[PDB]
Amino acid sequence: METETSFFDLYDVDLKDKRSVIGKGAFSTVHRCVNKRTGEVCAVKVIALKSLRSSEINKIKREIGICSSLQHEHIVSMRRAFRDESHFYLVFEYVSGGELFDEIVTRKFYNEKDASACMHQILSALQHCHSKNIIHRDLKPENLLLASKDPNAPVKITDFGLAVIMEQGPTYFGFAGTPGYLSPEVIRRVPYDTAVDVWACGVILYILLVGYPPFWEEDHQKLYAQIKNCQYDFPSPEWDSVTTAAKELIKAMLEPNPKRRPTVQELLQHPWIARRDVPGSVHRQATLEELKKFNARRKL
């Protein structure tokens with residue numbers, strides 16, 4: 001990262017203007033900035049250093065190393081990273097399509113084939129991550145973005161703040177991730193690996209098909225219990241119109257034991273992902289309505 005040059009020397013943005021703010025998070029704020037030299041529109045992630053403990057700062061530096069190691073079409077590319085005496089500035093490629101789940105609910109047509117295109121992009125990005133021994137650890141709809149408000153815009157995964165680098169096989173990296181997408185191995189606090197990402201994909205794919213998560217419980221202890229014992233189902237009637245290929249793919253992605261869980265490469269070679277005509281074609285309006293309820297529920 002550039003510790004000598006100021007972000008404000010290479011990029012232009014008024015951090016005080018409201019119309020510059022792309023996103024407001026609890027630990028950072030993402031503004032729309034413009035490359036002074038090239039005119040490229042970018043999303044800078046501003047992180048004040050003020051109240052930050054050392055663990056948080058090194059978490060950020062970890063995110064910078066990992067994000068710089070990653071150059072893939074379906075990963076939001078970090079252009080450059082800056083650190084001055086008060087702020088981190090993580091410049092990223094501009095992403096204007098918003099969250100994937102916020103856009104699916106606005107589609108007039110959505111079927112398993114669309115869900116398979118999304119999952120294909122997510123899986124390919126994950127294949128690039130795991131190839132470099134990177135575990136995202138926190139895959140969730142908030143991290144699944146669309147590059148543009150255009151149809152057929154690419155899905156890009158993002159937010160590697162919780163990402164870890166696995167050097168020596170299954171390793172304990174701590175208990176992190178959002179509860180609904182936590183892998184059983186992480187809940188058990190045993191050493192884990194890239195398989196945890198696969199787990200989240202399963203949970204995500206499930207949602208992509210029906211609009212509600214397989215593990216939903218307000219009590220996080222009963223939720224972690226459901227995840228450990230792999231207590232989920234395909235309720236009628238929503239799942240009766242789903243291909244058994246998708247159902248089997250989710251059953252595989254949600255394998256309670258990481259050793260029996262497919263790698264992302266194996267998933268990318270699954271017929272529901274690789275064959276353009278295995279996923280169902282019928283429009284799933286119920287998935288869209290349930291997904292509006294879901295999007296509403298997670299924010300609140």
# chains A, B, ... in the order shown; residues from 1 in each chain; ligands from 1
call {"tool": "residues_around", "arguments": {"residues": "residue 167 in chain A", "least_positions_apart": "3", "cutoff": "10 Å", "atoms": "only C-alpha atoms", "output": "list in words"}}
result
residues 132, 133, 134, 164, 170, 171 and 193 of chain A
call {"tool": "residues_around", "arguments": {"residues": "range 217-229 of chain A", "least_positions_apart": "6", "cutoff": "7 Å", "atoms": "only C-alpha atoms", "output": "PyMOL selection string"}}
result
chain A and resi 184+187+256
call {"tool": "write_last_selection", "arguments": {"atoms": "C-alpha atoms", "output": "mmCIF file, in the first residue's frame"}}
result
data_model
loop_
_atom_site.group_PDB
_atom_site.id
_atom_site.type_symbol
_atom_site.label_atom_id
_atom_site.label_comp_id
_atom_site.auth_asym_id
_atom_site.auth_seq_id
_atom_site.Cartn_x
_atom_site.Cartn_y
_atom_site.Cartn_z
ATOM 1 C CA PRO A 184 -20.678 -25.991 11.150
ATOM 2 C CA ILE A 187 -19.438 -22.914 14.935
ATOM 3 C CA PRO A 256 -21.871 -31.040 7.556
#
call {"tool": "select_by_dssp", "arguments": {"residues": "range 118-276 of chain A", "states": "strand (DSSP E or B)", "output": "number ranges by chain"}}
result
A: 134-135, 144-146, 155-157, 164-165, 171, 192
call {"tool": "closest_atom_pairs", "arguments": {"of": "range 194-268 of chain A", "to": "range 106-119 of chain A", "cutoff": "7 Å", "atoms": "only C-alpha atoms", "output": "CSV"}}
result
residue,atom,partner,partner_atom,distance
A:205,CA,A:119,CA,6.9
A:208,CA,A:115,CA,5.8
A:209,CA,A:112,CA,6.6
call {"tool": "write_last_selection", "arguments": {"atoms": "C-alpha atoms", "output": "PDB file, in the first residue's frame"}}
result
ATOM      1  CA  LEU A 205     -27.954 -20.772  -3.463  1.00  0.00           C
ATOM      2  CA  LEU A 208     -31.502 -17.710  -4.665  1.00  0.00           C
ATOM      3  CA  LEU A 209     -34.028 -20.468  -5.361  1.00  0.00           C
TER       4      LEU A 209
END
call {"tool": "closest_residue", "arguments": {"among": "A:95, A:90, A:210, A:254", "to": "residue 234 in chain A", "atoms": "only C-alpha atoms"}}
result
A:210
call {"tool": "decode", "arguments": {"residues": "range 41-172 of chain A", "atoms": "C-alpha atoms", "output": "compact mmCIF listing (two decimals), in the first residue's frame"}}
result
# COMPACT_ATOMS: atom_id res chain seq x y z
CA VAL A 41 -14.66 6.48 -11.36
CA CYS A 42 -13.84 4.50 -8.22
CA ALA A 43 -15.26 3.61 -4.82
CA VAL A 44 -12.89 4.64 -2.04
CA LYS A 45 -13.40 2.88 1.29
CA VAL A 46 -12.44 5.42 3.96
CA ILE A 47 -11.51 4.02 7.37
CA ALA A 48 -10.66 6.46 10.14
CA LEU A 49 -7.82 5.18 12.33
CA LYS A 50 -8.97 7.10 15.42
CA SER A 51 -10.60 4.60 17.79
CA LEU A 52 -9.06 1.55 16.08
CA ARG A 53 -7.31 -1.03 18.22
CA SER A 54 -4.26 -2.76 16.77
CA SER A 55 -6.25 -5.89 15.88
CA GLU A 56 -8.61 -3.88 13.67
CA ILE A 57 -5.77 -2.06 11.89
CA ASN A 58 -3.99 -5.33 11.15
CA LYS A 59 -7.30 -6.79 9.99
CA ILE A 60 -7.41 -3.91 7.51
CA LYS A 61 -3.82 -4.47 6.37
CA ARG A 62 -4.70 -8.14 5.91
CA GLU A 63 -7.65 -7.09 3.76
CA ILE A 64 -5.28 -4.93 1.70
CA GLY A 65 -2.79 -7.73 1.09
CA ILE A 66 -5.50 -10.21 0.13
CA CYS A 67 -7.39 -7.70 -2.03
CA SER A 68 -4.18 -6.84 -3.86
CA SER A 69 -3.47 -10.55 -4.42
CA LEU A 70 -6.87 -10.91 -6.15
CA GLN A 71 -7.33 -9.99 -9.82
CA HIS A 72 -10.52 -11.60 -11.12
CA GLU A 73 -13.50 -10.45 -13.17
CA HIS A 74 -16.00 -11.42 -10.44
CA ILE A 75 -14.02 -9.92 -7.55
CA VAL A 76 -14.31 -6.17 -6.95
CA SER A 77 -10.75 -5.14 -7.79
CA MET A 78 -8.85 -2.95 -5.35
CA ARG A 79 -7.06 -0.41 -7.54
CA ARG A 80 -4.77 0.92 -4.80
CA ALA A 81 -4.63 1.30 -1.03
CA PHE A 82 -3.44 4.30 0.97
CA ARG A 83 -2.63 4.99 4.61
CA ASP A 84 -1.89 8.42 6.04
CA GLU A 85 -1.74 9.61 9.66
CA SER A 86 -5.50 9.36 10.25
CA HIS A 87 -7.19 7.30 7.54
CA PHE A 88 -7.04 4.24 5.37
CA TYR A 89 -8.22 4.75 1.79
CA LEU A 90 -8.99 1.53 -0.08
CA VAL A 91 -9.69 2.49 -3.69
CA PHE A 92 -11.82 -0.10 -5.50
CA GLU A 93 -13.28 -0.41 -8.97
CA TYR A 94 -16.64 1.30 -9.18
CA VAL A 95 -19.63 -0.97 -8.59
CA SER A 96 -23.03 0.59 -9.24
CA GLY A 97 -25.48 -2.31 -9.50
CA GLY A 98 -25.95 -2.72 -5.77
CA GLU A 99 -26.53 -5.95 -3.93
CA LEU A 100 -27.58 -8.92 -6.07
CA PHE A 101 -30.51 -9.77 -3.81
CA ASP A 102 -31.81 -6.20 -3.94
CA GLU A 103 -31.86 -6.47 -7.75
CA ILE A 104 -33.35 -9.94 -8.18
CA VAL A 105 -36.50 -8.75 -6.36
CA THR A 106 -36.90 -6.08 -9.06
CA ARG A 107 -36.70 -8.53 -11.98
CA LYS A 108 -39.82 -9.38 -13.95
CA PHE A 109 -38.30 -12.78 -14.77
CA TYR A 110 -36.09 -14.90 -12.53
CA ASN A 111 -35.51 -18.64 -12.82
CA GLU A 112 -32.99 -21.28 -11.83
CA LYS A 113 -30.90 -20.41 -14.89
CA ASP A 114 -30.38 -16.87 -13.60
CA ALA A 115 -29.57 -18.25 -10.15
CA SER A 116 -27.07 -20.58 -11.82
CA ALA A 117 -25.43 -17.69 -13.66
CA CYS A 118 -25.07 -15.80 -10.38
CA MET A 119 -23.77 -18.87 -8.58
CA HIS A 120 -21.44 -19.58 -11.48
CA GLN A 121 -19.86 -16.14 -11.15
CA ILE A 122 -19.65 -16.41 -7.35
CA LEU A 123 -18.12 -19.88 -7.65
CA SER A 124 -15.55 -18.81 -10.25
CA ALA A 125 -14.44 -15.88 -8.09
CA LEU A 126 -14.20 -18.31 -5.17
CA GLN A 127 -12.12 -20.66 -7.32
CA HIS A 128 -9.68 -17.81 -7.87
CA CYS A 129 -9.64 -17.08 -4.14
CA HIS A 130 -9.17 -20.68 -2.97
CA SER A 131 -6.53 -21.24 -5.66
CA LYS A 132 -4.56 -18.55 -3.82
CA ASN A 133 -5.38 -20.17 -0.44
CA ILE A 134 -7.76 -17.33 0.47
CA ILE A 135 -10.88 -18.00 2.56
CA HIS A 136 -13.44 -15.20 2.32
CA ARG A 137 -15.12 -16.48 5.53
CA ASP A 138 -17.97 -13.95 5.26
CA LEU A 139 -19.94 -14.65 2.07
CA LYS A 140 -23.39 -13.05 2.33
CA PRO A 141 -25.79 -11.11 0.07
CA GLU A 142 -24.21 -7.87 1.25
CA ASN A 143 -20.94 -9.00 -0.38
CA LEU A 144 -22.56 -10.11 -3.67
CA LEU A 145 -22.70 -6.99 -5.84
CA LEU A 146 -23.60 -6.17 -9.43
CA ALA A 147 -21.09 -4.17 -11.47
CA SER A 148 -23.77 -1.97 -13.05
CA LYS A 149 -27.51 -1.40 -13.09
CA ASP A 150 -27.42 -2.97 -16.55
CA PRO A 151 -29.06 -6.37 -17.14
CA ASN A 152 -26.53 -9.18 -17.54
CA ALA A 153 -24.10 -7.17 -15.41
CA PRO A 154 -21.50 -9.41 -13.75
CA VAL A 155 -21.79 -10.50 -10.14
CA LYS A 156 -18.72 -9.47 -8.13
CA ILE A 157 -17.89 -10.60 -4.59
CA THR A 158 -16.34 -8.09 -2.21
CA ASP A 159 -15.47 -7.21 1.41
CA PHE A 160 -12.43 -9.38 2.25
CA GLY A 161 -12.03 -7.80 5.70
CA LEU A 162 -12.69 -11.17 7.34
CA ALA A 163 -10.67 -13.00 4.67
CA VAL A 164 -7.81 -15.20 5.86
CA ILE A 165 -4.87 -16.90 4.15
CA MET A 166 -4.65 -20.65 4.75
CA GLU A 167 -1.00 -21.73 4.56
CA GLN A 168 -0.96 -25.20 6.17
CA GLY A 169 -4.28 -26.91 5.52
CA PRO A 170 -7.19 -26.74 7.97
CA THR A 171 -6.38 -24.03 10.51
CA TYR A 172 -8.26 -22.15 13.22
